[PDB]
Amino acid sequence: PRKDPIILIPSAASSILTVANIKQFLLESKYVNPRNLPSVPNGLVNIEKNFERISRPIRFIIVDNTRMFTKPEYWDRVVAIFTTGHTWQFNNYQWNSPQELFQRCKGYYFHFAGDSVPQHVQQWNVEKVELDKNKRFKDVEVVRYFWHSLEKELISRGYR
């Protein structure tokens, strides 16, 4: 696949990662409360990543909505989905049940250490990732691990 891959990150009130704070997190390994940053009017951010195990840099389109999906083939480009924990998140997705969706797209569920994971989310085939509420010294490693996790997924989906 050669078009830019897509990461879906819609948000709910409880979301700890949204399009508003995802760049700071993934590029600077700096976690910031998303309500304390400028909103992103179009719900779209771009991030370029140079992976160790992929030759060319990869440019991600990271969106909080599915308005860009004007042809079904856009859905084939979705390589990761951040989940809010609401099952209604997927209602308008090409694959709208979590079982099918997370069999073919990598899912993540981020939450604060100490906060319980909803039972239905625990059952989903998504990777649960914890962040400290009040310490930030682990963030560098969490982000390194996230990128490694995503790199592995890209290689498996044929990105070279």
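Start at 1 with the first residue shown and count on from there.
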Comparing average C-alpha B factors as deposited, tell me which of 27 to 35 and 57 to 65 sits higher. 27 to 35
Look over 146 to 154 and 133 to 141 in the entry and identify the one with the greater average Cα temperature factor. 133 to 141
Among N50, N125, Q119, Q94, which carries the highest Cα B-factor? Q119
The third of the chain into which the C-alpha temperature factor of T83 falls is the lowest
Chain-relative C-alpha B factor for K106 (record values, thirds): the lowest
